[PDB]
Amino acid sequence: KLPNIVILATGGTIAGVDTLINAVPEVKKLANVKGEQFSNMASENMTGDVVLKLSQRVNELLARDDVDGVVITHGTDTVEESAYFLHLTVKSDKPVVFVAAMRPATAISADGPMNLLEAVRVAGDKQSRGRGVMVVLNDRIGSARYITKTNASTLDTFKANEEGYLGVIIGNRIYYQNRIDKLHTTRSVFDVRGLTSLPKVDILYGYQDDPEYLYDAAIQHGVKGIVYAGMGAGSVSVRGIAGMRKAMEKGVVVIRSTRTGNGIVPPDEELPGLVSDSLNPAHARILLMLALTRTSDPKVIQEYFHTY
């Protein structure tokens, strides 16, 4: 028979979850779908405490024998943060597929309907198991660890320039290309099912004349971590170095990432802080927050940035 798929709605312009389902009745030929309204917000207002609750609910659903996979509708702007959080914390090999739309549901040539169909097909395919959390738009299956919104406004915005897609959906058929060589889901050390709150982590940009006082402000409000969206390969001005050294003196963990959009920030002993490997600032903040729920050991956190 058909796979059993829960469509868990959080908001986003792709949207009422039942209104969405009935607007795309073809999904009912791909799966037995049940809609659940988890929240209804624009994703720029999604917060870590709500994402935590999202992961806890998804873990509960996937523990059920009558649930084969979950599709999560979400706004595009921060889907990559929510998706990567669940990538590290969902303790199941059953597919979890985030889906979103770049055009509103009323727009001409709205992309939401076909994105949803594709997400349900992916979530219901036996071959989709064990691949980590996925993000599906525009016929592409992206890994939550590599995929990012690369363009403010286009349909094809979700890309992983250096890492490619896990697969594509063409002609109602899934073509799997890659498995990511990173830890996730069932292999992940992270289990947050007993957590109720998350560590505070802020992101500071790197640019000519970047100011020291933004580090001061972050320290004074009690951040546990700072992610630096650095110039080039996490390069730091003399002002940023002063700010990072002050932050580390107060026990704040600093991760140097990159503002460029892609690539590796390599280790460098003459610079302060840890390095983000190929994690962009938004993903690096998610991983650092979760790491800080378990450890403050810099060697462990640095390995996590190389392996997750």
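Residues carry their position along the shown sequence, with the first being 1.
Please say, as none, 1 to 3, 4 to 9, or 10 or more, how many residues of the deposited sequence are without coordinates in the interval between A15 and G16. 10 or more residues are missing.
On mean C-alpha B-factor from the PDB entry, just flag whether 92 to 100 or 221 to 229 is the higher one. Going by the record's values, the stretch with the higher mean is 221 to 229.
Taking the mean of the C-alpha B-factors per stretch from the entry, tell me the winner out of 130 to 138 and 204 to 212. Looking at the recorded C-alpha B-factors, 204 to 212 comes out higher on average.
If you compare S143, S109, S237, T154, which has the highest Cα B-factor in the entry? The record points to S237.
Among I255, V51, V58, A242 - the residue whose C-alpha B-factor is largest in the record: The C-alpha B-factor peaks, among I255, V51, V58, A242, at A242.
So where's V275 on the chain's Cα temperature factor ranking, which third? Bottom third by C-alpha B-factor.
Among the chain's modelled residues, which third holds the C-alpha B-factor of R294? CA B-factor rank for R294: highest third.
Quick check for you: using the entry's CA B-factors within this chain, is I301 in the lowest, middle or highest third? According to the entry, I301 has a C-alpha B-factor in the chain's lowest third.
Where the record places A284 (Cα B-factor, split into thirds across the chain): Ranked within chain, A284 CA B lands in the lowest tercile.
Where the record places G124 (Cα B-factor, split into thirds across the chain): As the PDB entry reports it, the C-alpha B-factor of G124 lands in the middle third of its chain.
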